[PDB]
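File shown: query.txt (compact mmCIF, C-alpha atoms and all ligand atoms).
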# COMPACT_ATOMS: atom_id res chain seq x y z
CA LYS A 278 -4.76 -95.42 57.64
CA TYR A 279 -7.14 -92.70 56.45
CA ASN A 280 -8.92 -92.67 53.10
CA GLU A 281 -10.30 -90.26 50.49
CA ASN A 282 -13.24 -89.45 52.75
CA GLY A 283 -10.99 -88.89 55.74
CA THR A 284 -12.14 -91.99 57.62
CA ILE A 285 -9.91 -94.53 59.38
CA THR A 286 -9.93 -97.88 57.61
CA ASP A 287 -6.97 -99.78 59.12
CA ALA A 288 -4.38 -99.67 61.89
CA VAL A 289 -1.25 -101.45 63.13
CA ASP A 290 -0.25 -102.14 66.75
CA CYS A 291 3.49 -101.39 66.88
CA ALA A 292 4.28 -103.74 69.79
CA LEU A 293 2.29 -106.88 68.99
CA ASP A 294 4.83 -108.95 67.02
CA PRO A 295 8.07 -108.29 65.05
CA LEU A 296 6.39 -107.84 61.67
CA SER A 297 4.30 -105.01 63.10
CA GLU A 298 7.40 -103.21 64.32
CA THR A 299 8.90 -103.64 60.86
CA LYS A 300 5.72 -102.10 59.41
CA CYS A 301 5.95 -99.17 61.80
CA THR A 302 9.61 -98.50 61.01
CA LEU A 303 9.06 -98.51 57.24
CA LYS A 304 5.66 -96.74 57.60
CA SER A 305 3.79 -99.00 55.22
CA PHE A 306 1.48 -101.98 55.32
CA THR A 307 3.31 -104.02 52.68
CA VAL A 308 6.94 -104.97 53.26
CA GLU A 309 9.33 -106.01 50.53
CA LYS A 310 11.71 -108.93 50.97
CA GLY A 311 14.81 -108.04 52.95
CA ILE A 312 16.44 -107.58 56.33
CA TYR A 313 15.64 -104.47 58.37
CA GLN A 314 17.01 -102.97 61.57
CA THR A 315 14.08 -102.19 63.85
CA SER A 316 15.18 -101.72 67.45
CA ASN A 317 17.77 -102.40 70.11
CA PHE A 318 17.68 -104.40 73.29
CA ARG A 319 19.28 -104.10 76.70
CA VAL A 320 18.92 -106.03 79.94
CA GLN A 321 17.67 -103.87 82.76
CA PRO A 322 19.30 -103.76 86.20
CA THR A 323 17.65 -106.05 88.71
CA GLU A 324 18.21 -104.11 91.96
CA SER A 325 20.12 -101.18 93.46
CA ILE A 326 23.17 -101.39 95.72
CA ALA B 27 -16.03 -116.30 80.51
CA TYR B 28 -13.12 -114.81 78.54
CA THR B 29 -12.90 -114.14 74.82
CA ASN B 30 -10.89 -112.43 72.08
CA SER B 31 -10.78 -108.83 70.92
CA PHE B 32 -9.57 -109.05 67.31
CA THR B 33 -9.30 -105.54 65.93
CA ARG B 34 -11.77 -103.41 67.88
CA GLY B 35 -11.65 -100.27 69.95
CA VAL B 36 -9.90 -97.81 67.66
CA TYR B 37 -11.18 -94.25 67.89
CA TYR B 38 -10.34 -90.78 66.56
CA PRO B 39 -7.50 -89.23 68.56
CA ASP B 40 -8.25 -85.58 67.75
CA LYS B 41 -10.43 -83.34 65.57
CA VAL B 42 -8.06 -82.55 62.70
CA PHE B 43 -9.19 -83.64 59.26
CA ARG B 44 -6.67 -85.84 57.44
CA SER B 45 -7.00 -87.62 54.13
CA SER B 46 -4.93 -90.33 52.41
CA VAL B 47 -2.09 -90.12 54.94
CA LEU B 48 -0.47 -92.59 57.36
CA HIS B 49 -0.35 -90.78 60.67
CA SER B 50 1.42 -92.20 63.72
CA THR B 51 -0.51 -91.82 66.96
CA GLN B 52 0.74 -92.29 70.54
CA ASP B 53 -2.28 -92.66 72.85
CA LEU B 54 -4.12 -95.05 75.18
CA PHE B 55 -5.62 -97.88 73.14
CA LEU B 56 -7.06 -101.35 73.59
CA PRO B 57 -4.26 -103.68 72.38
CA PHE B 58 -5.09 -106.09 69.61
CA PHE B 59 -5.89 -109.71 70.46
CA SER B 60 -6.27 -109.05 74.18
CA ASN B 61 -8.58 -111.00 76.47
CA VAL B 62 -11.87 -109.38 77.44
CA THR B 63 -14.13 -110.66 80.21
CA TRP B 64 -17.58 -111.96 79.28
CA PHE B 65 -20.45 -111.03 81.61
CA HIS B 66 -23.96 -112.37 81.58
CA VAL C 327 -11.24 -61.18 61.11
CA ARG C 328 -13.70 -63.94 62.02
CA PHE C 329 -14.64 -64.34 65.71
CA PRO C 330 -17.89 -66.16 66.62
CA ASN C 331 -21.32 -64.69 67.38
CA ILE C 332 -21.15 -64.17 71.15
CA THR C 333 -21.89 -61.18 73.37
CA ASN C 334 -21.83 -61.82 77.14
CA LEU C 335 -19.11 -60.80 79.61
CA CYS C 336 -17.03 -62.97 82.00
CA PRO C 337 -17.56 -62.77 85.78
CA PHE C 338 -14.22 -61.17 86.60
CA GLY C 339 -15.85 -58.98 89.25
CA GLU C 340 -17.03 -62.16 90.94
CA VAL C 341 -13.56 -63.44 91.80
CA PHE C 342 -11.96 -60.04 92.43
CA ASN C 343 -14.59 -58.50 94.72
CA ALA C 344 -15.99 -61.43 96.72
CA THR C 345 -14.64 -60.59 100.17
CA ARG C 346 -14.66 -64.27 101.21
CA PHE C 347 -11.30 -65.65 100.08
CA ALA C 348 -9.87 -69.11 100.75
CA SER C 349 -6.75 -70.83 102.10
CA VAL C 350 -3.65 -72.34 100.59
CA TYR C 351 -4.13 -75.94 101.71
CA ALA C 352 -7.66 -75.85 100.23
CA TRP C 353 -7.87 -73.20 97.50
CA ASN C 354 -10.84 -71.92 95.55
CA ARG C 355 -11.24 -72.94 91.90
CA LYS C 356 -13.48 -71.54 89.17
CA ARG C 357 -13.93 -72.28 85.48
CA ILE C 358 -14.62 -69.41 83.09
CA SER C 359 -16.29 -70.15 79.78
CA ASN C 360 -18.29 -68.71 76.87
CA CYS C 361 -17.89 -64.99 77.50
CA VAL C 362 -16.17 -62.15 75.70
CA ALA C 363 -14.60 -60.17 78.50
CA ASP C 364 -11.69 -57.76 78.48
CA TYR C 365 -8.29 -58.21 80.07
CA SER C 366 -7.41 -54.52 79.73
CA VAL C 367 -9.79 -53.82 82.59
CA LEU C 368 -6.93 -55.34 84.61
CA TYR C 369 -4.50 -53.11 82.67
CA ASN C 370 -6.29 -50.12 84.29
CA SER C 371 -3.55 -49.87 86.98
CA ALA C 372 -5.82 -50.79 89.89
CA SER C 373 -4.73 -52.09 93.30
CA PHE C 374 -2.44 -54.72 91.76
CA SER C 375 0.89 -55.12 93.52
CA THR C 376 1.96 -57.97 91.22
CA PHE C 377 0.95 -58.43 87.59
CA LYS C 378 3.10 -61.04 85.95
CA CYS C 379 2.50 -63.20 82.88
CA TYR C 380 4.42 -66.21 81.65
CA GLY C 381 3.47 -67.59 78.25
CA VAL C 382 2.06 -64.37 76.80
CA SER C 383 2.38 -60.62 77.11
CA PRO C 384 -0.31 -58.51 78.85
CA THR C 385 -0.55 -56.05 75.97
CA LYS C 386 -1.51 -58.93 73.65
CA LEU C 387 -4.10 -60.62 75.87
CA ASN C 388 -6.96 -58.75 74.17
CA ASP C 389 -6.85 -60.63 70.88
CA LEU C 390 -6.39 -64.33 71.63
CA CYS C 391 -8.71 -67.33 72.12
CA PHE C 392 -7.98 -69.46 75.14
CA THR C 393 -10.48 -72.45 75.25
CA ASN C 394 -10.70 -72.04 79.08
CA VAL C 395 -9.63 -69.91 82.03
CA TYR C 396 -9.02 -71.36 85.48
CA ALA C 397 -9.07 -68.89 88.35
CA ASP C 398 -7.46 -69.58 91.71
CA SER C 399 -8.12 -67.92 95.05
CA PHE C 400 -6.04 -68.10 98.23
CA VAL C 401 -4.35 -65.78 100.72
CA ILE C 402 -0.60 -65.73 101.27
CA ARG C 403 1.25 -64.03 104.14
CA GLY C 404 2.80 -61.49 101.78
CA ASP C 405 6.54 -61.99 101.86
CA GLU C 406 6.34 -65.36 100.06
CA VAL C 407 4.86 -63.96 96.83
CA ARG C 408 7.99 -65.08 95.00
CA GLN C 409 7.01 -68.73 95.64
CA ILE C 410 4.11 -68.69 93.15
CA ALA C 411 6.48 -68.74 90.20
CA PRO C 412 7.49 -71.87 88.25
CA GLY C 413 10.50 -73.67 89.65
CA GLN C 414 10.43 -72.36 93.21
CA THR C 415 11.04 -74.24 96.47
CA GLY C 416 9.44 -73.27 99.75
CA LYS C 417 6.80 -74.02 102.35
CA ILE C 418 4.06 -73.09 99.88
CA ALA C 419 5.63 -74.16 96.58
CA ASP C 420 6.33 -77.66 97.92
CA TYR C 421 3.71 -78.31 100.63
CA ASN C 422 0.67 -76.12 99.86
CA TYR C 423 0.43 -74.96 96.23
CA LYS C 424 2.76 -75.73 93.31
CA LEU C 425 2.80 -74.38 89.75
CA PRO C 426 4.16 -76.60 86.95
CA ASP C 427 7.51 -76.15 85.27
CA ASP C 428 5.62 -75.27 82.04
CA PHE C 429 3.05 -72.63 83.00
CA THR C 430 1.06 -70.35 80.70
CA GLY C 431 -0.91 -67.59 82.38
CA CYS C 432 -0.82 -64.51 84.54
CA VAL C 433 -0.29 -64.06 88.29
CA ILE C 434 -2.02 -61.21 90.12
CA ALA C 435 -1.47 -60.36 93.80
CA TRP C 436 -2.41 -57.58 96.21
CA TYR C 451 -5.60 -68.49 107.70
CA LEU C 452 -4.35 -72.02 108.23
CA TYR C 453 -1.50 -73.43 106.17
CA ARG C 454 0.02 -76.90 106.22
CA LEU C 455 3.47 -77.39 107.79
CA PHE C 456 4.24 -81.12 107.57
CA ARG C 457 3.88 -83.17 104.41
CA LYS C 458 5.42 -86.52 103.56
CA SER C 459 6.06 -85.88 99.85
CA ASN C 460 6.20 -82.86 97.56
CA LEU C 461 3.03 -82.33 95.58
CA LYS C 462 2.40 -82.76 91.90
CA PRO C 463 1.69 -79.57 89.94
CA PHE C 464 -1.90 -78.40 90.49
CA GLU C 465 -2.59 -80.82 93.32
CA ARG C 466 -4.91 -80.15 96.22
CA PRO C 491 -0.45 -80.75 110.84
CA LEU C 492 -1.61 -77.22 110.08
CA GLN C 493 -0.29 -74.24 112.01
CA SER C 494 -1.49 -70.70 111.37
CA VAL C 510 -3.63 -63.73 95.17
CA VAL C 511 -5.36 -64.83 91.95
CA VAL C 512 -3.70 -67.16 89.43
CA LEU C 513 -5.16 -67.30 85.91
CA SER C 514 -4.20 -70.28 83.80
CA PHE C 515 -5.21 -71.30 80.29
CA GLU C 516 -4.20 -73.67 77.51
CA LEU C 517 -3.54 -72.74 73.88
CA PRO C 521 -12.60 -74.48 69.76
CA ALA C 522 -12.15 -70.85 70.75
CA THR C 523 -14.79 -70.69 73.51
CA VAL C 524 -13.38 -67.66 75.38
CA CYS C 525 -12.34 -65.28 72.59
CA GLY C 526 -11.33 -61.80 73.83
CA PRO C 527 -13.07 -58.69 72.56
CA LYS C 528 -12.44 -57.92 68.90
CA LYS C 529 -14.86 -56.87 66.19
CA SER C 530 -15.34 -59.32 63.33
CA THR C 531 -15.49 -58.40 59.64
CA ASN C 532 -16.86 -59.90 56.43
CA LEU C 533 -15.55 -62.88 54.46
CA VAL C 534 -13.75 -62.40 51.13
CA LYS C 535 -12.87 -65.27 48.80
CA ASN C 536 -10.69 -66.03 45.76
CA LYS C 537 -7.96 -63.45 46.37
CA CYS C 538 -4.87 -63.01 48.54
CA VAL C 539 -5.89 -61.74 51.99
CA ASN C 540 -4.71 -61.80 55.53
CA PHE C 541 -6.97 -63.74 57.84
CA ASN C 542 -7.64 -64.37 61.53
CA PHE C 543 -9.89 -67.33 62.44
CA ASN C 544 -10.08 -67.49 66.26
CA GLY C 545 -6.53 -66.34 66.83
CA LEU C 546 -5.11 -68.53 64.04
CA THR C 547 -3.29 -66.01 61.87
CA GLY C 548 -2.01 -66.42 58.35
CA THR C 549 -2.02 -65.18 54.77
CA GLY C 550 -3.35 -66.88 51.66
CA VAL C 551 -6.21 -67.39 49.22
CA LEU C 552 -9.59 -68.68 50.43
CA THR C 553 -11.79 -70.75 48.14
CA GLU C 554 -14.69 -73.07 48.83
CA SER C 555 -13.89 -76.64 49.77
CA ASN C 556 -15.00 -80.04 48.51
CA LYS C 557 -13.45 -82.03 51.36
CA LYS C 558 -16.37 -83.39 53.38
CA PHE C 559 -15.57 -83.02 57.04
CA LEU C 560 -17.22 -85.06 59.73
CA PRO C 561 -19.25 -82.96 62.19
CA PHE C 562 -16.65 -82.81 64.93
CA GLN C 563 -13.67 -81.79 62.76
CA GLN C 564 -12.55 -78.19 62.46
CA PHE C 565 -9.01 -77.87 61.04
CA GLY C 566 -7.55 -79.77 58.11
CA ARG C 567 -3.98 -80.81 57.41
CA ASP C 568 -1.84 -82.43 54.75
CA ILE C 569 1.14 -84.80 54.51
CA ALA C 570 3.54 -82.07 55.65
CA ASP C 571 1.26 -81.11 58.63
CA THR C 572 0.14 -77.62 57.56
CA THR C 573 -3.31 -76.02 57.88
CA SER D 968 10.17 -79.35 65.23
CA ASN D 969 10.32 -76.77 67.98
CA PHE D 970 14.07 -77.14 68.74
CA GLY D 971 13.53 -76.15 72.37
CA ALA D 972 11.19 -73.22 71.74
CA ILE D 973 7.60 -72.85 72.86
CA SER D 974 6.17 -73.43 69.38
CA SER D 975 7.27 -74.58 65.96
CA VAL D 976 4.95 -72.08 64.28
CA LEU D 977 6.41 -68.60 63.97
CA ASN D 978 3.19 -66.59 63.64
CA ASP D 979 1.95 -67.63 67.06
CA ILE D 980 5.20 -66.69 68.69
CA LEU D 981 4.86 -63.29 67.09
CA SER D 982 1.22 -63.05 68.15
CA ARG D 983 1.84 -64.15 71.74
CA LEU D 984 5.03 -62.32 72.72
CA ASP D 985 6.66 -58.83 72.82
CA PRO D 986 9.94 -58.04 70.97
CA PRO D 987 12.27 -58.45 73.99
CA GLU D 988 11.48 -62.12 74.60
CA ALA D 989 10.30 -63.03 71.15
CA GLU D 990 13.87 -62.96 69.79
CA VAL D 991 14.94 -65.51 72.40
CA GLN D 992 12.47 -67.99 70.93
CA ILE D 993 13.15 -67.03 67.30
CA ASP D 994 16.92 -67.70 67.59
CA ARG D 995 16.27 -71.33 68.55
CA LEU D 996 14.22 -71.92 65.41
CA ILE D 997 16.77 -70.09 63.25
CA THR D 998 19.68 -72.27 64.35
CA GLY D 999 17.62 -75.44 64.04
CA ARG D 1000 16.54 -74.61 60.51
CA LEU D 1001 19.99 -73.52 59.31
CA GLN D 1002 21.49 -76.81 60.46
CA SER D 1003 18.97 -78.84 58.48
CA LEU D 1004 19.42 -76.77 55.28
CA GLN D 1005 23.17 -77.21 55.66
CA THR D 1006 22.83 -80.99 55.99
CA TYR D 1007 20.57 -81.20 52.92
CA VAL D 1008 22.96 -79.20 50.72
CA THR D 1009 26.03 -81.21 51.76
CA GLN D 1010 24.49 -84.55 50.91
CA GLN D 1011 23.22 -83.19 47.59
CA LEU D 1012 26.75 -82.18 46.66
CA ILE D 1013 28.00 -85.65 47.53
CA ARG D 1014 25.33 -87.35 45.37
CA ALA D 1015 25.91 -85.05 42.40
CA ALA D 1016 29.54 -86.16 42.11
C1 LIG E 1 -16.49 -91.62 50.02
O1 LIG E 1 -17.86 -91.32 50.35
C2 LIG E 1 -18.73 -91.14 49.22
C3 LIG E 1 -20.09 -90.80 49.78
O2 LIG E 1 -20.37 -89.41 49.69
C4 LIG E 1 -18.73 -92.39 48.35
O3 LIG E 1 -19.50 -92.12 47.18
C5 LIG E 1 -17.31 -92.78 47.97
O4 LIG E 1 -17.30 -94.01 47.25
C6 LIG E 1 -16.43 -92.91 49.21
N1 LIG E 1 -15.07 -93.25 48.83
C7 LIG E 1 -14.57 -94.48 48.95
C8 LIG E 1 -13.15 -94.66 48.50
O5 LIG E 1 -15.23 -95.41 49.41

Let me see the structure of the file written as structure tokens.
Ligand SMILES: *[C@@H]1O[C@H](CO)[C@@H](O)[C@H](O)[C@H]1NC(C)=O
Amino acid sequence: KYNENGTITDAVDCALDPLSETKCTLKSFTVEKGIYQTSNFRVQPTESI
Amino acid sequence: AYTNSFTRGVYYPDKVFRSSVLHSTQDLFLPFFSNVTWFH
Amino acid sequence: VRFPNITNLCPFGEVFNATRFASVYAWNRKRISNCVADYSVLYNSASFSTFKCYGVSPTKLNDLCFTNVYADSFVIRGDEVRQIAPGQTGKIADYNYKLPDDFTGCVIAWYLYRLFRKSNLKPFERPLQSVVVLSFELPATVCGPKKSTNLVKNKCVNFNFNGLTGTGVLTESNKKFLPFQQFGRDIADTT
Amino acid sequence: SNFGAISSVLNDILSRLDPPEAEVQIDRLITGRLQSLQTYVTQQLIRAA
């Protein structure tokens, strides 16, 4: 988050917790009340055969 | 011996002036609330 | 046209006339910086059997700004000069000297070499049984030879600030930069 | 977006390349930009109704 002087004043780590990933999908630091799709999930293969 | 790293270690990724925007950066950072070793 | 105040030439005669070359398993590397030399001295149709450029065109090398030039020095046998192109497979391009799949530069051509190797090399990575490559990446800092002019404000001009071309109106700014910042952009990511 | 071309800026394709292999890079940007104008106009016609 830059400001009027062009200096960074805040940031958000997009893999810390679910609210941060919501904030990175909506590209804002305040989130209104709702339900939001953020990602997908998938189990990875354990080994080859 | 160990401690906490609240919101520290954010730098400038490049040398392009930006103002009042919300830029998304993909780079190597120190993750928030990680554990840093204390030396003495 | 605004190019910076700089006068000296690059040592291109250093790498092209030193009679001590190097090998392909251990090649010779040199950085070139802060010098205003010509590339059309190589356009002079000298003893250049191969003169081949990838990201640019050799007619347009005179008026760009490159930030760096790497120069490479080795000796090939002579028939394998088609293995110093991107995306080639061979005893040199896999075991001795490999260019990346995304290369920007020129290749100019006119004694141990490694035979066995357990894995193919990464791009630009350094039993043995017995050519200059210029690369660059697009601060000006190299800035080929072109005469600058004077600065005109408040009316519609063409401009050229270290190879960055465009057209528009130049006024004075009130946006305080910080003394490492050069460009400036907006929400839509335009200069 | 560069749409598969070497640059998303058109001036520094025209300043780096010669007219044989500049058109190869300009056609990629032309098709990518036509498709996005076409998508914009179609959804504007659906909202206007
Ligand atoms: C920006 O910096 C100037 C100092 O030149 C200061 O007066 C101004 O308050 C700063 N802006 C903000 C939003 O803090």

- Nearest residue to ligand LIG 1 (chain E) from the set A:310, A:287, A:280, A:325 (distances using all atoms listed in the file):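 With all atoms listed in the file as the atom set, the closest residue is A:280.
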
Let me know the centre plus edge lengths, in Å and rounded to one decimal, of a box with edges along x, y and z that contains all listed atoms of ligand LIG 1 (chain E) and is padded by 6 Å on every side, as lines of an AutoDock Vina configuration file.
center_x = -16.8
center_y = -92.4
center_z = 48.8
size_x = 19.2
size_y = 18.0
size_z = 15.2

- Nearby residues, ligand LIG 1 (chain E), 9 Å, all atoms listed in the file, as a PyMOL selection string: (chain A and resi 280-284) or (chain C and resi 558)

- Query: Which value, in Å to one decimal, gives the distance between atom CA of residue 321 of chain A and atom CA of residue 304 of chain A?
  - Reply: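 So the answer is 28.8 Å.
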
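Pairwise distance (atom CA of residue 514 of chain C, atom CA of residue 545 of chain C) equals 17.6 Å.
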
- One decimal, Å: what's the distance from atom CA of residue 334 of chain C over to atom CA of residue 394 of chain C, could you say?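 Interatomic distance, atom CA of residue 334 of chain C to atom CA of residue 394 of chain C: 15.2 Å.
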
- Would you kindly report the residues of chain C within 9 Å of chain A, using all atoms listed in the file, as a PyMOL selection string? chain C and resi 557-560

Residue selection dump (C-alpha atoms) as a tab-separated table (two decimals), keeping the file's coordinate frame:
chain	number	residue	atom	x	y	z
C	557	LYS	CA	-13.45	-82.03	51.36
C	558	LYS	CA	-16.37	-83.39	53.38
C	559	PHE	CA	-15.57	-83.02	57.04
C	560	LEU	CA	-17.22	-85.06	59.73

Interface list for chain C, partner chain B, 12 Å threshold, all atoms listed in the file, as a compact mmCIF listing (two decimals) with C-alpha atoms, keeping the file's coordinate frame:
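So selection_13.txt came out as:
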# COMPACT_ATOMS: atom_id res chain seq x y z
CA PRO C 521 -12.60 -74.48 69.76
CA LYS C 557 -13.45 -82.03 51.36
CA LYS C 558 -16.37 -83.39 53.38
CA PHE C 559 -15.57 -83.02 57.04
CA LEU C 560 -17.22 -85.06 59.73
CA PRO C 561 -19.25 -82.96 62.19
CA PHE C 562 -16.65 -82.81 64.93
CA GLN C 563 -13.67 -81.79 62.76
CA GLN C 564 -12.55 -78.19 62.46
CA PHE C 565 -9.01 -77.87 61.04
CA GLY C 566 -7.55 -79.77 58.11
CA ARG C 567 -3.98 -80.81 57.41
CA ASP C 568 -1.84 -82.43 54.75
CA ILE C 569 1.14 -84.80 54.51
CA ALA C 570 3.54 -82.07 55.65
CA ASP C 571 1.26 -81.11 58.63
CA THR C 572 0.14 -77.62 57.56
CA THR C 573 -3.31 -76.02 57.88

Write out as a PDB file with C-alpha atoms, keeping the file's coordinate frame each polymer residue whose atoms come within 6 Å of segment 983-986 of chain D, counting only C-alpha atoms; drop sequence neighbours fewer than 4 positions from it.
ATOM      1  CA  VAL C 382       2.060 -64.370  76.800  1.00  0.00           C
ATOM      2  CA  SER C 383       2.380 -60.620  77.110  1.00  0.00           C
TER       3      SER C 383
ATOM      4  CA  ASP D 979       1.950 -67.630  67.060  1.00  0.00           C
TER       5      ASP D 979
END

- Query: If we count all atoms listed in the file, which residues of chain C reach to within 12 Å of chain D? Please list them as number ranges by chain.
  - Reply: C: 379-392, 428-431, 517, 542, 545-549, 570-573

- Task: Could the residues of chain A within 12 Å of chain B, counting all atoms listed in the file, be given as a VMD selection string, please?
- Result: chain A and resid 278 to 294 297 300 to 306
